[PDB]
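What follows is one chain in structure tokens, specifically the form deposited in one PDB entry.
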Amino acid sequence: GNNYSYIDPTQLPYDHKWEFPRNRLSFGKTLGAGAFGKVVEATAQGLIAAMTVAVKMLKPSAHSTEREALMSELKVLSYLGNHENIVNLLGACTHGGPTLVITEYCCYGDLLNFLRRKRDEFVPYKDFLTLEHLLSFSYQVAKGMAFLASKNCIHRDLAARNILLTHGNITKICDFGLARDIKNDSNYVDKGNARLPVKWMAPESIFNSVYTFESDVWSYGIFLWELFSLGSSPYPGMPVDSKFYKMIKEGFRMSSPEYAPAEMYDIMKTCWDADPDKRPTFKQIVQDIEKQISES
């Protein structure tokens, strides 16, 4: 009985099959900077000639616990494996300097800014943005999240800003700094003291700091609202304050975006069930969207 346990991927050794020499890595422009650190475009010569990649790194002032967390994220990505709809791990630099995590590069950037740029040219039916594209995006994000859940992982920051768009209109979930394997407890209780994405969070995460497969599903529902509203900020007209929390707890939910199909707003509503047990799984969401695509 006690001779069997769940292998914790963050306790496994770093596998040097990922190691890439930093003297073949040339940094280009900065792609983003924030609590996650710094992300740059780069060329990784000979990782496969020259492929364009993204490289995540910490600020030079970073704490030892920040540095350990980047190593832990590397181990999580190493254990997770490859999927079409995530920003995949390609390599790392783990000695001779600060840790660098090398991942796929997505030339169109984040989906939120993409949507906000294409808002004015959007037309529901027929390059330009159409209802068909938005359904495809909903499907691909659900497939990436189903994959994470099939590996017993939660992302904890699902939002349009953390979805990237690459060639062929393929969407990829990015930023795994907060992702966790929850095989042992079937939840995660956040002990951190960082700023949190309150308007994307399930009420049980706000109130009790508990994260689960089902709280990722809540966030997916908020993502759907962002998507079909073409990049509107969620809960318009509502600051994050005592009024906001009271309303969410009492059962307030956002109305449908104008261009959301009724069956997609139906998914949103089940993602936001107050009872986590009544929310759908990503597996169920994928099957639902599949059938909507086929019926279109």
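Heads up, when I say rigid core I mean the largest set of C-alphas that superpose within 1.5 Å between the two forms. Just count from 1 along the sequence shown to find any residue number.
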property	result
Missing-residue flag, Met247, threshold a third of other entries	no
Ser186 left out of the model in a third or more of other PDB entries	yes
Between neighbours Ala49 and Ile48, residues that the deposited sequence lists but the model omits	1 to 3
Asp127 preceded by how many uncoordinated deposited residues after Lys126	4 to 9
Greater mean Cα temperature factor according to the PDB record, 180-188 or 106-114	180-188
Entry-level comparison of average CA B-factors, 152-160 and 165-173, reporting the higher stretch	165-173
Member of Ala194, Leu89, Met145, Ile206 with the greatest C-alpha B factor (per the PDB record)	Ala194
CA B-factor placement of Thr270, once the chain's modelled residues are sorted into thirds	lowest
Assigned third (lowest, middle, highest) for the C-alpha B factor of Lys56	lowest
Assigned third (lowest, middle, highest) for the C-alpha B factor of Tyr211	middle
Within-chain third of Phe228 by Cα B-factor, per the entry	lowest
B-factor third for the C-alpha atom of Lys17 within its chain	middle
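One more form of this protein exists, namely the form deposited in another entry; it is left out here, but the text below deals with it.
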item	value
Identity of the moved residue from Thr103, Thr94, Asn162, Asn187, C-alpha shift 2 angstroms or more, core fit between this form and the one not shown	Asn187
Yes/no, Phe176 Cα shift of 2 Å or more between this form and the one not shown with rigid core fixed	yes
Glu290 C-alpha moves between this form and the one not shown by 2 Å or more, core aligned	no
Cα displacement of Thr281 between this form and the one not shown reaching 2 Å, rigid core superposed	no
Change in CA distance between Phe114 and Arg180 in the other form, which is 3 Å or more, as closer or farther	closer
Pair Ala179/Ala33, Cα separation in the other form versus the displayed form, closer or farther by 3 angstroms or more	closer
